[PDB]
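Here the structure is laid out as structure tokens; the discussion comes afterwards.
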Amino acid sequence: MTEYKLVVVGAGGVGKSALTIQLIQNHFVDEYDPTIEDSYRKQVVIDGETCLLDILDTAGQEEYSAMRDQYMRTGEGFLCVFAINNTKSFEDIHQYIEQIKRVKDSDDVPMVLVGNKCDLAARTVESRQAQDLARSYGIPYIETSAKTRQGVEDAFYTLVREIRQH
Ligand SMILES: Nc1nc2c(ncn2[C@@H]2O[C@H](COP(=O)(O)OP(=O)(O)NP(=O)(O)O)[C@@H](O)[C@H]2O)c(=O)[nH]1
Ligand SMILES: [Ca+2]
Ligand SMILES: [Ca+2]
Ligand SMILES: [Mg+2]
């Protein structure tokens, strides 16, 4: 079947694994469990087509930035996640996008900017500023909550569609 190599990237703690676990396993990891590198392969039906999601869940850890070039090379589409209650993760997310473009020698690589944790009250990143960043890059912006599942399928399936229409 058609396969989509998705990579989830972003600062530590933004909810990369929670987004993936919510998508693939229909539940929210309310727990501390840092990722090194994790891979999920789930066969889904998206707009009537059977396809294999091959999702690589990466580490936000401040080191491990050598293992990062290798999965950016192989990755087909990228979920670029920050948390709407963590301005630093937003500020850091431009650096991931830049590294994706450098490692893939392209600025037309399918990407979705994801503002996660949108259930929380103490938001520190306004949707308007996330909008501008996504617009400045030519990529959609989608807010998610891995806790309530809001926007989760939307974020991942839009990424698949960005790949399909690329
Ligand atoms: N309220 C809320 N908490 C969330 C959400 N997503 C993740 N969290 C919480 O935030 C923490 C970090 O989640 P996690 O998915 O492990 O983040 P990560 O980006 O995968 N971390 P790492 O880079 O270390 O692998 C956990 O306590 C998790 O339950 C969300 O959508 N809403
Ligand atoms: Ca290069
Ligand atoms: Ca181009
Ligand atoms: Mg994780």
Side-chain angles (χ1 to χ4, degrees), residues 5-42 53-60 66 68 70-127 129-130 133-134 137-138 140-159 166:
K5 284 195 270 294
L6 309 186
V7 181
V8 188
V9 292
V14 296
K16 297 179 298 294
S17 306
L19 289 166
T20 306
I21 278 157
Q22 176 64 246
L23 178 77
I24 300 306
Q25 296 170 8
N26 300 99
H27 81 95
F28 162 62
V29 289
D30 183 30
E31 66 196 342
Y32 187 96
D33 183 5
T35 318
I36 305 81
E37 193 167 280
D38 264 295
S39 148
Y40 302 76
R41 298 160 53 73
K42 195 66 162 170
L53 299 188
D54 185 316
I55 295 161
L56 197 84
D57 180 23
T58 73
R68 172 178 318 173
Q70 194 224 18
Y71 66 60
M72 286 173 169
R73 270 178 281 267
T74 71
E76 217 182 341
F78 291 79
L79 205 60
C80 296
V81 182
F82 71 93
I84 56 104
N85 70 327
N86 172 2
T87 309
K88 195 227 167 187
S89 67
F90 187 53
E91 302 159 355
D92 300 339
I93 199 49
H94 87 262
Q95 294 164 212
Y96 298 84
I97 296 168
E98 286 305 321
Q99 182 172 353
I100 289 165
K101 294 195 288 188
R102 277 195 322 271
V103 170
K104 299 199 74 61
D105 287 10
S106 179
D107 37 33
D108 254 0
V109 165
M111 284 178 223
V112 172
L113 184 73
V114 176
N116 186 41
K117 301 194 182 178
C118 71
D119 54 282
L120 284 186
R123 171 188 287 254
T124 48
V125 176
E126 294 299 87
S127 180
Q129 190 174 353
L133 183 57
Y137 275 116
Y141 174 62
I142 301 184
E143 300 208 331
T144 60
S145 178
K147 191 172 169 300
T148 66
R149 213 179 164 76
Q150 153 71 265
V152 168
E153 275 179 25
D154 209 316
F156 283 99
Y157 291 175
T158 290
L159 182 52
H166 173 227

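Ligands are counted one by one from 1 in listed order, and the atoms in each one are counted from 1 as well. Numbers here are sequence positions counted from 1. Keep in mind that the numbers below use all heavy atoms, side chains included, and drop hydrogens, waters and symmetry copies.
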Could you go through the side-chain contact (heavy atoms from CB on, under 4.5 Å) check for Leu6 and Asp54 one step at a time?
CA-CA 6 Å; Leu6 309 186; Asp54 185 316; over 6 Å; no

What verdict does the side-chain contact (heavy atoms from CB on, under 4.5 Å) test give for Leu113 and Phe82, after you've listed the backbone C-alpha separation in whole Å, the side-chain angles of each residue and the deciding distance to 0.1 Å?
CA-CA 8 Å; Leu113 184 73; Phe82 71 93; 4.0 Å; yes

Show the numbers, then the answer: is there a side-chain contact (heavy atoms from CB on, under 4.5 Å) between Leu79 and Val9?
CA-CA 6 Å; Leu79 205 60; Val9 292; over 6 Å; no

Does the side-chain contact (heavy atoms from CB on, under 4.5 Å) test come out yes or no for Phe28 and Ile21, once each step is laid out?
CA-CA 7 Å; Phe28 162 62; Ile21 278 157; over 6 Å; no

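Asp38 CG to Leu56 CG: the interatomic distance, rounded to the nearest 0.5 Å, is 8.0 Å.
Not one N or O of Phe28 is nearer than 3.5 Å to an N or O of ligand 1, by distance alone.
At a cut-off of 2.8 Å, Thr20 does not coordinate the Mg ion (ligand 4) through any N, O or S atom. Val103 lies apart from the Ca ion (ligand 2) in this respect, since none of its N, O or S atoms is found at a distance under 3.0 Å. The Mg ion (ligand 4) has an N, O or S atom of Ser17 under 2.8 Å away, backbone or side chain.
A pairwise comparison of heavy atoms in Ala59 and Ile36 identifies CB-O, 3.4 Å as the closest pair.
When the options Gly10, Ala83, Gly13 are ranked by their closest heavy atom to atom 21 (N) of ligand 1, first place goes to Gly13. Scanning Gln22, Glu37, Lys117, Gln150 for the heavy atom closest to atom 10 (O) of ligand 1 points to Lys117. Selection from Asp33, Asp119, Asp57 by nearest heavy atom to atom 1 (N) of ligand 1 gives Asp119.
For the pair OD1 of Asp105 and O of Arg102, the angle at the Ca ion (ligand 2) is about 60°; rounding is to 10 degrees.
Ion pairing between a basic and an acidic side chain is recognised when a charged N comes within 4.0 Å of a carboxylate O; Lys101 and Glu98 show such pairing. Ion pair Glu143/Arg123 flagged as a salt bridge, since at least one NZ, NE, NH1 or NH2 atom sits closer than 4.0 Å to an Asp/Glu carboxylate oxygen.
Each of the following atoms of ligand 1 lies closer than 4.0 Å to a heavy atom of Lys16: 15 (O), 17 (O), 18 (P), 19 (O), 20 (O), 21 (N), 22 (P), 23 (O). Of all atoms in ligand 1, listed by their number and element, those nearer than 4.0 Å to a heavy atom of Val29 are 28 (C), 29 (O). Counting atoms of ligand 1 from 1 in the listed order, those under 4.0 Å from a heavy atom of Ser17 are 15 (O), 20 (O), 25 (O). Close contacts between ligand 1 and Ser145 involve ligand atoms 31 (O) [criterion: under 4.0 Å to a heavy atom]. Listed by atom number, the atoms of ligand 1 under 4.0 Å from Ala11 heavy atoms are 19 (O). The atoms of ligand 1 that sit less than 4.0 Å from any heavy atom of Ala18 are 6 (N), 7 (C), 15 (O). Ligand-side atoms of ligand 1 in range of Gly60: 23 (O), range being under 4.0 angstrom from any heavy atom. Near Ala146, the atoms of ligand 1 lying under 4.0 angstrom from a non-hydrogen atom of the residue are 6 (N), 30 (C), 31 (O).
Other residues, nucleotides and ligands place no more than 12 heavy atoms under 6.0 Å from the NZ atom of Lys147.
In summary, the side chains of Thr144 and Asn116 do present a donor paired with an acceptor at a separation below 3.5 Å, with no hydrogens or angles considered.
Between the side chain of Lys16 and the backbone N or O of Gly10, at least one donor-acceptor pair lies under 3.5 Å. The backbone N or O of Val8 lies less than 3.5 Å from a partner atom in the side chain of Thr58, making a donor-acceptor pair.
Here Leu120 has side-chain heavy atoms under 4.0 Å from ligand 1, and that is the only part of it that gets that close. Only the side chain of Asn116 comes within 4.0 Å of ligand 1, counting heavy atoms alone; its backbone N, CA, C and O stay farther away. No part of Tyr32 comes within 4.0 Å of ligand 1, judged by heavy-atom distances.
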